[PDB]
Amino acid sequence: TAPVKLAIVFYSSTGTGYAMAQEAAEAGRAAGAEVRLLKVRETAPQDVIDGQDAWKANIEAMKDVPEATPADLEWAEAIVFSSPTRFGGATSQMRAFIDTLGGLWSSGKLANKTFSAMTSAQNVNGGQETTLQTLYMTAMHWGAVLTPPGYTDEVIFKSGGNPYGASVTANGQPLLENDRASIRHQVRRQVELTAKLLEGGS
Amino acid sequence: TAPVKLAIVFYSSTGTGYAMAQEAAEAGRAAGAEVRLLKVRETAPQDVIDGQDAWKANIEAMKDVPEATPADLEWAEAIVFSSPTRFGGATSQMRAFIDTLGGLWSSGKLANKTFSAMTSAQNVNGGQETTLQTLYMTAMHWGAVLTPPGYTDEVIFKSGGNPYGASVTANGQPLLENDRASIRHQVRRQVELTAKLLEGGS
Amino acid sequence: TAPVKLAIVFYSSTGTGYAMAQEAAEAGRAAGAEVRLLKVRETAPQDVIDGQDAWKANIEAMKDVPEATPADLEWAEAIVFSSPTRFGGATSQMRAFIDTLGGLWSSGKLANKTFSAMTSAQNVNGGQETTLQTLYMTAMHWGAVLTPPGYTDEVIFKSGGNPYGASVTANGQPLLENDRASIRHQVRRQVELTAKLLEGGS
Amino acid sequence: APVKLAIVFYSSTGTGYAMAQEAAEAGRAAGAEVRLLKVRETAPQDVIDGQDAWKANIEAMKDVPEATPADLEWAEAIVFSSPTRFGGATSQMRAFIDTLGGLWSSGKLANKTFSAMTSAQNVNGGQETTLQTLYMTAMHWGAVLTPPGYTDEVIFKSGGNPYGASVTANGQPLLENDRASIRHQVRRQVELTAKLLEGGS
């Protein structure tokens with residue numbers, strides 16, 4: 001009876017990932033999940049953040065979004081991670097959050113949860129696919145059940161066709177309707193699969 | 001009520017993969033699945049084969065193992081791929097079989113199937129991880145549901161702790177007990193997840 | 001005062017890789033290298049080739065292009081591999097070629113050659129990056145010196161920004177200038193690096 | 001001048017430190033001017049405080065200078081070493097990587113040689129994928145990647161990782177076969193770097 005527990009954990013410096021993660025959170029709500037939308041703790045020093053108005057502005061924009069904790073992943077049945085690409089991997093901020101999950105991992109409390117990932121870069125082929133890859137490889141250490149979107153909808157094709165997960169080319173400009181649709185399909189599908197797995201076991 | 005349909009598709013030149021895939025097949029039957037154990041079509045030139053008598057012999061050893069076909073994956077609810085490494089990737093033989101799945105893929109007919117992988121190498125760090133990775137990335141294009149073992153049983157730790165999939169150091173000696181138990185756990189786990197998936201979807 | 005020996009080894013079904021490889025070959029010549037443009041042997045059955053006009057046409061268009069053999073890599077001081085993506089890996093045809101390199105590898109005669117790679121897919125984010133990655137990982141087994149382009153020109157940006165290697169979105173219509181400039185720089189740069197390494201060796 | 005070699009390594013409990021010292025000594029033996037550099041510790045002290053070996057190693061490394069972006073600008077050859085965290089590099093290593101954005105955008109990381117090393121508690125527990133993530137990173141800089149491959153018998157004897165040295169961390173001292181693989185990797189990288197620089201002079 002109880003709704004799928006979905007945790008969307010994103011890092012964003014300049015707002016693309018925050019926009020993407022809200023789209024993911026709404027998709028999950030629309031599809032019947034109980035959602036936690038959670039920001040990855042910022043590690044940068046203020047004097048660095050201060051050099052970028054858009055970074056400082058997004059931090060302000062997300063101020064009422066709670067910070068991700070391990071408890072949130074223990075709670076979750078379905079997990080989505082979203083990070084911007086940093087040299088073809090996830091941000092250090094995201095990896096620092098992951099590096100706090102060792103206790104939960106040691107307890108077996110990350111196993112069997114569904115996992116998918118999203119990303120953004122300033123270049124269309126700028127290491128996005130590898131950023132997604134590295135997040136999935138991590139989830140495998142947890143015994144997670146990975147639910148990438150594939151090409152299971154016409155929307156994937158329409159938005160540049162990334163079967164590994166939603167990836168958005170960041171150019172300051174708001175999200176395109178095709179990217180939004182790619183995110184929606186990814187999340188709805190994951191929620192649907194998670195509901196099925198949970199029903200089969202209970 | 002109907003058993004999980006498990007297809008175990010493997011390439012083997014000299015017998016390592018054949019032994020691994022037999023162990024997988026036993027594990028699946030023991031876990032209540034209906035199992036197809038299936039060999040990848042040998043695509044190598046007979047002059048190349050004729051310089052390795054163990055390869056010729058293993059071909060004959062597997063004479064009553066049917067050749068894998070797209071039909072088998074269309075049938076399958078749970079899929080296991082097994083290939084030895086060639087320079088950190090799968091064998092060309094395995095990729096040739098993958099490359100015949102285009103029609104099923106176009107028809108949305110590989111989606112929502114479970115998937116894990118296994119591999120071997122003559123070196124312990126010589127592509128026992130990268131080979132599995134490349135097979136998982138391929139399954140993501142299908143919209144498969146990836147069910148790697150992670151560290152979800154003690155036997156994974158005992159056999160070298162490969163969370164991505166069973167991996168065996170190929171030396172001509174019989175399969176170690178710890179490797180066998182890691183294969184069995186992986187396949188059992190995947191059968192059980194598949195069954196829950198199917199149960200909750202009707 | 002030997003020109004650098006550059007082998008461009010490419011697989012192409014429908015002509016995109018052939019256009020890319022020709023651009024690579026011209027850039028190599030312009031950089032003062034001695035160039036071989038070499039096609040990967042086609043393994044597809046004729047009745048599969050017979051299903052697609054652009055595939056049949058491309059095979060005929062490439063008729064006078066020599067077929068790649070291991071001795072081409074023994075000859076080369078600088079190697080480029082190009083393959084279209086198949087589910088985020090290289091084609092079986094390219095892997096089949098790679099699998100013929102075991103004797104050369106055993107002899108130690110692949111070591112120390114420079115290596116970079118190129119790819120294509122129908123979708124912008126449809127597995128190109130992973131295809132390149134799998135190709136670089138293979139080259140590492142050889143002790144190749146990997147020379148990917150990174151962002152060392154501002155025409156990487158203009159091409160879509162692929163630091164791992166040129167990657168084109170296959171549309172049937174011809175190659176864009178940005179893609180062509182990306183390829184040219186990648187090859188010119190690799191030839192320059194290779195010439196320095198050889199001069200340094202004597 | 002001698003090849004400028006920077007060994008940048010993260011270590012919590014000393015395995016990476018031992019690997020990096022072996023690497024630094026190999027670089028010197030090969031005639032390079034060597035910087036042995038630690039990645040800044042970012043873990044909260046209360047986490048470090050839970051583990052004696054982690055506290056002890058931080059003290060053991062106290063006189064190793066912290067890596068900065070300018071060390072990579074200086075360097076002609078770079079080696080990165082991180083233990084695995086779920087098949088990727090440590091957040092500490094990534095945090096250092098993330099400070100290289102300025103050098104990257106000015107193109108001041110191009111044409112340097114790069115290889116990587118790693119460790120895990122499990123032999124197949126990310127000893128290949130961690131290396132691969134670090135190599136992908138270096139591609140973004142236009143680095144020239146010089147992994148060991150199977151270019152010496154010692155590679156086979158240490159488990160046959162062609163991507164880079166990888167050690168199974170059991171808390172015991174470094175095995176000799178592992179030391180030898182690290183030495184070969186670094187010696188080979190220095191040699192290639194020297195040829196590249198000589199040829200471009």
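## A closer look at the pairing of strand β2 (residues 34-39) of chain A
In summary, the side chains of a regular strand alternate between the two faces of the sheet. Residue and element names in this part refer to chain A. Bridge analysis of strand β1 (residues 5-10) against β2 gives 6 bridges, and the strand direction is parallel. Residue pairing across strands places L6 opposite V35, the latter belonging to β2. In this fold, the crossover linking β1 to β2 by way of helix α1 (residues 16-30) has right-handed handedness.

## Considering the pairing of strand β3 (residues 78-86) of chain B
Residues and elements named next belong to chain B. The buried fraction of β3 is high, at 8 of 9 residues. Where β3 and strand β5 (residues 114-121) come together, 7 bridges link them in parallel fashion. In the strand pairing of β5, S83 is matched with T119. Where β3 meets strand β4 (residues 89-90), 2 bridges bridge the pair, whose relative direction is antiparallel. Looking at the pairing, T85 lines up with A90 of β4. Here β3 folds back onto β4, and the loop between the two strands holds 2 residues, one of which, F87, carries a positive phi near 50 degrees.

## What to know about the UniProt feature "domain: Flavodoxin-like" in chain A
Here the UniProt-annotated "domain: Flavodoxin-like" positions come out as residues 6-198 of chain A. The distance from the first to the last C-alpha atom of residues 6-198 of chain A is 13 Å, and the span holds 45% helix and 18% strand.

## A short note on the side chain of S116 of chain C
Residues and elements named next belong to chain C. Tracing the chain through its elements places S116 in strand β5 (residues 114-121). A residue is classified by how much of its surface remains accessible, and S116, at 0% relative accessible area, is buried. A polar side-chain atom of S116 sits 2.7 Å from a polar atom in the side chain of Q190.

## Digging into the nonpolar core
Of all hydrophobic cores here, the largest spans 68 residues; its most connected members are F81 and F115 of chain C together with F80, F114 and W141 of chain D. Here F115 of chain C is in contact with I79, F81, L135, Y136, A139, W142, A144, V145, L146, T147 and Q190 of chain C, once residues within four sequence places are set aside. Grouped together as the second largest cluster of nonpolar side chains are 67 residues, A76, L101 and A139 of chain A together with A117 of chain B included.

## Details of the relation of the copies chain A and chain B
Two chain copies, one operation linking them: a rotation about an axis together with a shift along it. Structural alignment of chain A on chain B gives an RMSD of 0.3 Å, achieved by rotating through 179 degrees and translating 0.2 Å along the axis. Those values place the two copies in the arrangement expected of a two-fold rotation axis. A share of 100% of interface residues in chain A that are also interface residues in chain B marks the association as one of identical surfaces.

## Considerations on unusual backbone geometry
In terms of backbone geometry, most residues other than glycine have negative phi values and most peptide bonds are trans. Residue and element names in this part refer to chain B. Positive phi, close to 50 degrees, is recorded for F87, a residue that is not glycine. By the secondary structure assignment, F87 is in the loop between β3 and β4. Owing to a relative accessible area of 12%, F87 belongs among the buried residues under this scheme. The phi angle at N112 is positive, at roughly 65 degrees, despite the residue not being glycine.

## Focus on the environment of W55 of chain B
All names here are of chain B. As for its position among the elements, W55 is in helix α3 (residues 53-61). On the accessibility criterion, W55 (7% relative accessible area) is buried. C-alpha of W55 to C-alpha of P148: the two residues are 93 residues apart in sequence and 29 Å apart in space. Setting aside residues up to four positions removed in sequence, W55 forms contacts with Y11, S13, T14, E42, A44, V48, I49 and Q93.

## Focus on the interface of chain A and chain B
On the chain B side, the residues contacting the 26 residues of chain A number 27 residues. Buried area between chain A and chain B, summed over both chains or domains, comes out near 2,400 Å², and the portion from carbon and sulfur atoms is 70%. Our count for the chain A to chain B interface comes out at 0 salt bridges. Linking chain A with chain B are 7 residue pairs in polar contact, by the criterion used here. Of all elements in the fold, only α7 (128-141), β6 (145-146) and α9 (177-201) of chain A reach the threshold of two or more residues within the side of chain A that touches chain B. With 7 residues, the top contributor of residues to the side of chain A that touches chain B is α9 of chain A. When its residues are assigned to classes, the side of chain A that touches chain B shows 15 nonpolar, 8 polar and 3 charged.

Here is what the cut-offs are and how they apply
Residues numbered from 1 in each chain as written, not as in the entry; some residues may be left out. Chains lettered and ligands numbered in written order. Heavy atoms only, no water. Pairing = 2+ DSSP bridges. Helix = DSSP H or I, 4+ residues; strand = E, 2+ residues; numbered from the N terminus. Right-handed = clockwise from strand over helix to strand, strands pointing away. Buried < 20%, exposed > 50% of the residue type's maximum accessible area, 1.4 Å probe, protein only. UniProt positions renumbered as here; feature names shortened; annotations may be inferred. Polar contact = N/O pair within 3.5 Å; in protein donor to acceptor, adjacent residues only side chain to side chain. Core = buried A, V, L, I, M, F, W, Y, C linked by side-chain atoms within 4.5 Å. Contact = heavy atoms within 4.5 Å. Least-squares fit on C-alpha atoms. Buried area = accessible area lost by both parts, 1.4 Å probe. Salt bridge = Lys/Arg side-chain N within 4 Å of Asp/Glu carboxyl O. Nonpolar A, V, L, I, M, F, W, Y, C, P; charged D, E, K, R; others polar.

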